[PDB]
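Next comes just one chain, in structure tokens: the form deposited in one PDB entry.
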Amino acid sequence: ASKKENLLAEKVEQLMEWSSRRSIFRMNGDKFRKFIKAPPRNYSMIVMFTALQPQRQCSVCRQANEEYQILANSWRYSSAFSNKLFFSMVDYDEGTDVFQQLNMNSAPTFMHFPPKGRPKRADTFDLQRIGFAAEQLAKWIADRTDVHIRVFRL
């Protein structure tokens, strides 16, 4: 019943809830900091950094978004055995300060933010080697978190 553990339980409850209307949490800088950067956390976060506004003309962003949606929706269909994994996105035009902080000069990028510490090397998905099939994103998430998502349909 510490202030911290009540805070933590309150955060998780806010995420658990938001993911009951949207399988992917659309974040600006403030939201990214609150739910990803700020302690405490006991959950993993997956983030797709993207640039989906038409003026950015990022075709790969658009294609990868479709597979990310397929993946997050597969998870939302069959989880809630877990409040330990959540999915989010940061769009360049909504979180430009986050891209700057992460020294991102391109898109899209998928990252895993563990509950403690900083992302490790392997916590950046190797898009340029693997491509972005939902099933490959899932394999990578399993490797990093031991949460295994069965993608339906492809």
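Don't overthink the numbering: it's just position in the shown sequence, from 1.
Visitor: Mean Cα B factor from the PDB record: higher for 38 to 46, or higher for 82 to 90?
Guide: Taking the mean C-alpha B-factor of 38 to 46 and of 82 to 90, the larger value falls to 82 to 90.
Visitor: Got a sec? Mean C-alpha B-factor, which is higher, 111 to 119 or 95 to 103?
Guide: According to the entry, 95 to 103 carries the higher average C-alpha B-factor.
Visitor: Choose from 55, 28, 65, 59 the residue with the greatest Cα B-factor as stated in the PDB record.
Guide: Highest C-alpha B-factor among the listed options: 55.
Visitor: In terms of the chain's CA B-factor thirds, is residue 135 lowest, middle or highest?
Guide: Its C-alpha B-factor belongs to the lowest third of this chain's values.
Visitor: Would you mind ranking residue 142 by its C-alpha B-factor against the rest of the chain and naming the third, lowest, middle or highest?
Guide: Lowest third - that is where residue 142 ends up once the chain's C-alpha B-factors are sorted.
From this point on, the text means the form solved in complex with a partner chain, which you will not see here.
Visitor: Tell me, which of 98, 47, 36, 107 has a heavy atom within 4.5 angstroms of the partner chain in the bound PDB entry?
Guide: If I apply the 4.5 Å criterion carefully, the residue I get is 107.
Visitor: Can any non-hydrogen atom of residue 26 be found within 4.5 angstroms of the partner chain in the bound PDB entry?
Guide: Because no heavy atom of residue 26 falls inside 4.5 Å of the partner chain in the bound PDB entry, the answer is no.
Visitor: Report whether the minimum heavy atom distance between residue 31 and the partner chain in the bound PDB entry is within 4.5 Å.
Guide: No, residue 31 sits far enough from the partner chain in the bound PDB entry that none of its heavy atoms falls within 4.5 Å.
Visitor: Even though the partner isn't displayed, in the bound PDB entry is residue 111 close enough to the partner chain, meaning a heavy atom within 4.5 Å?
Guide: The answer is no: residue 111 has no heavy atom within 4.5 Å of the partner chain.
Visitor: Taking any heavy atom pair closer than or equal to 4.5 Å as contact, tell me whether residue 56 reaches the partner chain in the bound PDB entry.
Guide: Contact with the partner chain, yes.
Visitor: Considering the partner chain in the bound PDB entry, find the one stretch among 65 to 73, 81 to 89, 113 to 121, 99 to 107 with heavy atoms no farther than 4.5 Å from it.
Guide: Correct option: 99 to 107.
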